[PDB]
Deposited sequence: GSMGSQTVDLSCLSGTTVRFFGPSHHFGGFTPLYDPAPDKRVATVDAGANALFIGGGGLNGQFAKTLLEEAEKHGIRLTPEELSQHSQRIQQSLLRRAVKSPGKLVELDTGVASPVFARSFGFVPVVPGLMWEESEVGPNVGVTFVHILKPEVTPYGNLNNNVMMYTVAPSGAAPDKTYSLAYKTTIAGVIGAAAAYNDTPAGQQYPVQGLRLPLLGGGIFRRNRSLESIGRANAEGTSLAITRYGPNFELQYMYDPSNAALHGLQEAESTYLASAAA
C-alpha cells in the first residue's frame, strides 16, 4: 500500500491499499496484528441485515467463522435476522433523535446515527430506503477477528442508489459520508469509546457495487472526495482513512483531483 497526507482533507493520513495476496486482490476486513484500532465500514443493504453478497457477505463470513471457532452456534440465517432486528431497532431510535448518536451473540454494544431523517430531504424512490443511516458496533470477544482487541469495532452504512439524479445523489452521498465520519467522531466521545477509541476507518467505495447501477465509478469517486472533505471540516481529522483496493481506483482518482484543485485554490 501507499500512505500520504492530503491537504484537501485537512492533512488527514490516507492509506491506499494495493492488490492483496488473496484471490481478486481484495483487501482483508481486519489484519492479524494491527497496531491501532481501525473500524471497517460495511456497505450495507437497505434492509439492514448482515449477509448477502459483496462486502456485506464478507462481514457475515468473518463473524460466522469466528463464532464457529468459539463453539457458538450461529448460522448465517440467525446472523442475518439478528443483525437486522438490532439495526432496525437502532434506526427507529435514531430517527426519533435525528443528528444524535443513539445507543446478542455478536455485539457487545451498538450505536445508531442519522444525519437527517431519510426521505425528508430527498426522494426515497430515487436514492432508496434508509439512506445515510450509520451504525457502530463493538464486537464481543468471541467473534472479534483474530481475538485482537484492536479489531473489535465495525460500522455499517447504507449508500444511495446510483440511479438517482446527480443533484440529489450528491446531496445523499455527502450526507452518507457525514454520517460515517460523524458517527465515529461521536462514538469516540462516548464512555465506550474512551475505552475502545477508533483510530482509523477502513472504507470501500460506498455505493460502488450493486448499488451504482448505471452510474460511473468516477462520478462516485468525485462524490466521495467532496463528501469526505466536508465531513472532516465538520467533525475534524480525528483518525486516518484507509481505502480498500479497487481496480478502478475511483476513490483514489476523486481525491487526487480534489487535492490538485486544493493546491490551486489561492492562485
item: Segments lacking C-alpha coordinates (deposited sequence numbering, starting at 1); value: 1 to 4, 108 to 113, 278
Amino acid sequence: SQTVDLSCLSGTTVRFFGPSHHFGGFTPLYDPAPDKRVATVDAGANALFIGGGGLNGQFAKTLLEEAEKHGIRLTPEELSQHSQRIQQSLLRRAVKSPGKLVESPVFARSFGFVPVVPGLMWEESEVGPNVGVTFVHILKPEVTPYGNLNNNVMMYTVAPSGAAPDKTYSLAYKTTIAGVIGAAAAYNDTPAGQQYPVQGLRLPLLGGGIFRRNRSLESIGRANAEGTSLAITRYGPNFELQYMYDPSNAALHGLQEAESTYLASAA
From here on, numbers count along this sequence of modelled residues.
property	result
Stretch with the higher entry mean CA B-factor, where the candidates are 83 to 91 and 144 to 152	144 to 152
Higher-scoring stretch by recorded Cα B factor average, 49 to 57 or 223 to 231	49 to 57
Selection by C-alpha B-factor (highest) of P197, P129, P191, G182	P129
Per the PDB entry, maximal CA B factor within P204, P28, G44, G236	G236
Position of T40 among the chain's modelled residues by C-alpha B-factor, lowest, middle or highest third	lowest
Entry-reported Cα temperature factor of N214, expressed as the chain third it lands in	highest
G11 - Cα temperature factor, lowest/middle/highest third of chain	middle
Chain-relative CA temperature factor third for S170	middle
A33 - Cα temperature factor, lowest/middle/highest third of chain	highest
